[PDB]
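Presented below is the structure to which this report refers.
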Amino acid sequence: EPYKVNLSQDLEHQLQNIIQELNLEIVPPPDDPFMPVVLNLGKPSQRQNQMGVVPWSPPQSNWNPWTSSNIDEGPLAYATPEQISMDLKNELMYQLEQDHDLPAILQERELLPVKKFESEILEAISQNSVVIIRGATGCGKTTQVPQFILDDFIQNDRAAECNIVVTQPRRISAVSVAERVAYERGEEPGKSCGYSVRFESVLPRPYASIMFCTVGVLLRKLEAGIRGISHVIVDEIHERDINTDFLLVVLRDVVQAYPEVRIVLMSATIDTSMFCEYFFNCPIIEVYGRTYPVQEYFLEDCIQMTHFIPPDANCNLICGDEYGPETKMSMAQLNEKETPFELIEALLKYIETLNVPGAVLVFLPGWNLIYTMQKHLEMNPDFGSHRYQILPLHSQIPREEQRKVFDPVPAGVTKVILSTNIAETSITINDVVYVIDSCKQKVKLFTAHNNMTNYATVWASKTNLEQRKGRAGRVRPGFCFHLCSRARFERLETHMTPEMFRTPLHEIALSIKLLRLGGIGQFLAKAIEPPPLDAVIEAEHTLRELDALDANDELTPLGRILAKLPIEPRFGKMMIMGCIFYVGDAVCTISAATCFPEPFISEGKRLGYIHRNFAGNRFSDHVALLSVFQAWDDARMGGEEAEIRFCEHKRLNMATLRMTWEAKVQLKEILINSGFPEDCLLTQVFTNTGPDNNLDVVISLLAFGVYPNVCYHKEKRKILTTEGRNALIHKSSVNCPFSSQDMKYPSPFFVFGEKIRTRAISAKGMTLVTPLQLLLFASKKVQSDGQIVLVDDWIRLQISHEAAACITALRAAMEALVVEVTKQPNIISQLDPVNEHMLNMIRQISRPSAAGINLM
Ligand SMILES: Nc1ncnc2c1ncn2[C@@H]1O[C@H](COP(=O)(O)OP(=O)(O)O)[C@@H](O)[C@H]1O
Ligand SMILES: [Mg+2]
């Protein structure tokens with residue numbers, strides 16, 4: 001049915017006024033009501049590109065490669081190469097004397113399997129422009145190889161001819177390795193070992209250094225070029241992170257046009273053919289250590305040797321003959337869509353019976369299943385405090401709490417690790433004798449025309465199960481407990497689909513064009529494994545649609561801003577808009593918070609009472625998050641203990657808030673550096689109960705940014721998608737009712753943030769909006785019949801024709817002004833009166849009073 005949209009009469013008077021002042025014409029009402037006239041409107045191009053290459057140069061005196069700038073004051077700034085080489089050679093032998101715990105550790109370094117091969121490696125790397133270092137996970141190629149390379153260059157007095165960039169796919173890997181390698185050198189991060197992840201960096205010195213960054217960070221610094229670098233180490237290639245696959249394309253163009261450069265690809269035990277063939281049949285340096293085999297078992301065997309009982313074709317129904325009558329009878333009572341918490345619980349205390357000491361590594365998909373499984377054991381008898389030691393490893397936990405997994409345990413105690421697939425190839429634990437495998441992955445599923453980053457649990461590869469097994473048996477003959485039928489193993493993929501095949505490419509596309517590497521399609525066609533066509537088309541369509549590219553597929557001044565922002569391009573455009581309305585700080589804050597988990601500490605079930613009160617009366621998860629942020633930033637002014645007090649009292653995660661903050665600041669600086677003034681990015685206090693026109697527009701711009709994640713409320717926990725299918729409220733949301741209950745809303749229009757798919761479908765992080773916001777920013781294709789209005793062809797609205805089409809115009813005028821200010825962002829100071837009245841009209845229609853709503 002439609003919605004009874006009740007505007008004022010003198011408001012409609014205003015919307016037609018401004019539209020006249022802007023010298024634009026409203027699409028007239030249909031003569032025949034059955035004619036579905038569309039309200040949408042629409043509206044210099046630049047010369048095209050040619051296939052080009054990122055420039056390279058080796059390390060230089062008076063050039064910091066980590067700040068990508070000159071240095072005209074200090075020892076190195078003034079000194080000569082040999083001076084530095086000599087000096088630094090001495091510093092280490094000075095250090096060698098005086099530190100009495102350094103050689104304590106350096107011996108530990110030489111016990112690592114990769115130690116053996118140091119000669120062969122350095123030998124290969126020297127004589128070949130590209131190298132692959134294949135070897136098992138645990139040999140120590142991550143930590144050691146970049147040292148081996150530096151150590152050598154130091155003690156041949158070529159220290160200043162050495163700068164190493166080491167890319168890691170995960171944020172956590174980059175930093176924690178940087179920490180480890182700096183420890184193994186008797187230092188703290190900053191001396192010779194730096195890092196650089198998204199929104200956080202501890203840079204090293206300009207010479208004889210090692211930089212551990214993420215691929216995205218490196219890619220966005222390549223506008224300056226790969227200047228002042230001797231070696232480029234691309235670790236964990238076998239993971240097939242889409243950004244690594246992309247980087248490899250870039251690097252291959254480099255090694256052609258600059259063969260002096262040195263590249264080092266590092267991989268687990270997989271087929272490295274395509275990589276070797278890609279890089280001109282480059283040498284492979286195999287690496288291996290003394291490792292023990294493992295008996296692996298499957299979900300038949302697990303139930304066999306515990307006597308367990310619980311309360312696409314199903315593979316649990318299929319079972320072997322030699323397995324007993326009760327074995328089958330049990331397993332078939334348990335679907336494969338969810339992993340059995342109850343079985344693995346019983347499977348742990350079977351390991352007791354084997355009476356062999358060691359740690360059990362449990363593979364699960366996601367924080368959700370790890371945090372539940374933890375509270376399943378820890379808050380349960382048998383599993384006492386002094387019997388078992390249950391450590392989680394999400395990569396979303398304090399980095400102190402991560403390290404626990406490595407250091408040993410008091411004797412007669414079992415160390416249980418509930419980790420993600422980080423521990424599959426990225427990190428190795430020492431005590432691991434046993435492994436339990438969910439045989440499942442957590443992947444963002446996003447195909448063409450989804451426009452929804454949808455997290456979904458899926459089956460792992462045969463290769464995955466193989467690699468998860470090998471974690472057991474780095475100490476003694478081990479055991480591996482696969483929680484998948486023997487039938488389900490047969491119906492598994494051998495390898496998993498690489499990210500290139502199943503990820504958006506609009507971020508990759510902006511990069512391509514910023515770096516002037518040629519055409520989006522042409523470039524990705526050179527990939528080790530190119531993406532599907534429709535993905536490239538979708539990426540191209542998507543960037544054109546928001547004027548990041550012209551129709552000639554070249555980078556507009558807007559797209560450049562979006563290229564320099566390290567966030568989703570829509571949120572980048574949302575921020576630029578907010579700057580124009582002088583709500584830049586507010587809207588950057590929301591952007592930043594997308595890059596981090598929710599700062600609420602949910603004990604389980606749904607949300608609590610006190611947390612929901614941050615929402616206010618705007619029925620918004622986004623305002624909940626924005627309200628805590630205001631309360632936190634005010635409370636932090638007390639001091640360190642005052643900050644944590646607040647957080648402890650309100651049950652908030654203090655780490656998350658400091659990260660969202662630091663990210664907000666960094667976003668803010670890119671806009672400042674882009675030319676936007678300071679005054680449009682100042683902190684602006686707001687209420688979440690009274691009226692707030694600053695916060696009205698901020699909700700409006702959130703409608704834009706999060707489009708097209710829209711829904712409509714009907715029943716208590718029922719909502720309907722944009723397409724029309726039936727979805728739910730997530731239990732974390734503030735707009736979620738309590739069990740059985742319901743709540744009325746001043747509007748059923750919600751722009752939601754994210755959608756999970758594990759048990760069913762559901763929407764997460766919901767924010768209420770008015771009809772006018774839906775029309776103005778959260779709806780592309782809209783049709784009028786004179787009285788009734790159709791929005792994105794599944795949402796109907798009873799409303800004036802002239803007003804509905806006057807709004808769709810403002811949008812088009814706003815988009816025009818976006819273009820205008822992206823040519824010169826300092827424009828927003830001296831805005832012509834027509835423009836500033838267009839911003840006030842938008843401000844007006846943002847409010848709920850103008851849509852016949854009040855929040856009480
Ligand atoms: N933070 C750490 N604390 C203690 N030991 C560590 C740490 N990081 C790595 N190790 C140890 O270093 C060894 C090699 O690690 P790494 O260089 O990551 O290997 P690779 O990447 O080749 O699998 C492993 O045996 C592991 O136990
Ligand atoms: Mg590694």
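Bear in mind that the values in this text are calculations on the coordinates, not laboratory data. In this analysis, Cβ positions are derived from the backbone assuming ideal geometry, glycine residues included, and neighbour counts consider all displayed protein chains.
Some points to look at:
- The range 384-442 - convex hull of the alpha-carbon atoms, volume per residue in Å³: 105
- Kirkwood-based shape ratio for the range 753-856, expressed as Rg/Rh from alpha carbons: 1.05
- Take every pair of alpha-carbon atoms less than 8 Å apart whose residues are at least six positions apart; their mean separation over the length of the range 112-246 yields a relative contact order of 24 percent.
- Nearest-0.05 FRET efficiency for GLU91 and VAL665, computed from C-beta distance (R0 35 Å): 0.50
- The calculated FRET efficiency for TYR745 paired with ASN552, based on their beta-carbon distance and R0 = 45 Å, is about 0.50.
- Placing unit charges on each Cβ (+1 for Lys and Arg, -1 for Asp and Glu) gives the chain a dipole about its Cα centre, and among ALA525, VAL789, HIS307 the Cα reaching farthest toward its positive end belongs to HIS307.
- The modelled label-to-label distance between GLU188 and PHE280, using points 7 Å beyond Cα along the C-beta direction, is 4.4 nm.
- Summarising the label geometry, the points placed 7 Å from Cα in the beta-carbon direction at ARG796 and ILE853 lie 2.1 nm from one another.
- At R0 = 25 Å, FRET efficiency that the Cβ-Cβ distance of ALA79 and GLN155 yields, to 0.05: 0.85
- Put a dot 7 Å past the Cα of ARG516, heading toward its Cβ, do the same for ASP633, and the two dots end up 3.8 nm apart.
- Radius of gyration and Dmax over the Cα atoms of the chain, both given in Å: 29.2, 93
- Here's the picture: a label point sits 7 Å out from the Cα of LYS716 along the beta-carbon direction, and within the range 731-747 the residues with their amide nitrogen under 12 Å of it are 737-743.
- Pairs of alpha carbons in the range 200-317 whose separation is greater than 25 Å (percent): 47
- Relative intensity of the range 434-523 on a log10 scale, I(q)/I(0) at q = 0.12 Å⁻¹, equals -0.57, per a Debye sum over C-alpha point scatterers of equal strength in the absence of solvent.
- For the range 166-179, 3J(HN,Hα) computed residue by residue from phi via the Karplus equation (6.51, -1.76, 1.60; θ = phi - 60°) reads 10, 8, 10, x, 9, 4, 5, 4, 4, 6, 5, 5, 3, 5 Hz, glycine and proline entered as x.
- Taking the range 598-736 as the region of interest, the number of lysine pairs whose Cα atoms are within less than 29 Å, with members eight or more places apart or on different chains, is 13.
- Shape metrics for the range 56-278, restricted to C-alpha atoms - Rg then Dmax, Å: 16.7, 49
- Entry note, the chain: the mean residue ellipticity at 222 nm calculated from DSSP H runs of n ≥ 4, each adding -39500 (n - 2.57), is -11500 deg cm²/dmol after division by the residues and rounding to the nearest 500.
- Remark: the range 702-716, residue by residue, has Karplus-estimated 3J(HN,Hα) of 5, 4, 3, x, 9, 4, x, 9, 10, 7, 9, 7, 10, 9, 3 Hz, where x stands for each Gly or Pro and the curve is 6.51 cos²θ - 1.76 cosθ + 1.60 at θ = phi - 60°.
- Across the range 813-824, coupling constants 3J(HN,Hα) worked out from phi with the 6.51/-1.76/1.60 Karplus curve, θ = phi - 60°, read 6, 4, 3, 5, 5, 4, 4, 4, 7, 7, 6, 7 Hz, and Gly and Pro carry x.
- For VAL37, distant residues with modelled amide H under 5 Å away: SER784
- Amide hydrogen neighbours beyond the local backbone of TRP63, cut-off 5 Å, H modeled: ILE71
- Note on the range 481-535: percent of Cα-Cα distances in each 5 Å bin, starting at 0 and stopping at the bin with the largest distance, equals 4, 16, 21, 17, 9, 8, 8, 8, 6, 4, 0.
- The order of the peptides 344-357, 704-717 by mean Cβ neighbours within 10 Å, most packed first, is 704-717, 344-357.
- Solvent-free Debye scattering, log10 I(q)/I(0), computed from the Cα coordinates of the range 57-111 at q = 0.15, 0.18, 0.26, 0.29 Å⁻¹: -0.64, -0.76, -0.97, -1.10
- The range 680-779 - Rg (one decimal) and Dmax (whole number), Cα, Å: 14.3, 45
- Percent of beta bridges antiparallel (DSSP, the chain, rounded to nearest 5): 40
- Computed Rg/Rh of the range 123-180, alpha carbon atoms with Kirkwood Rh: 0.98
- Dipole moment magnitude, nearest 20 debye, the range 158-251 about Cα centre, only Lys, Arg, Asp, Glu C-beta charged: 240
- Along each principal axis, Cα extent of the range 334-415, largest first, Å: 37, 33, 20
- Amide H contacts under 5 Å for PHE212, placed H, 5+ residues apart: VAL166, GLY194, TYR195, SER196
- More than 20 Å apart - percent of Cα-Cα pairs taken over the range 294-496: 57
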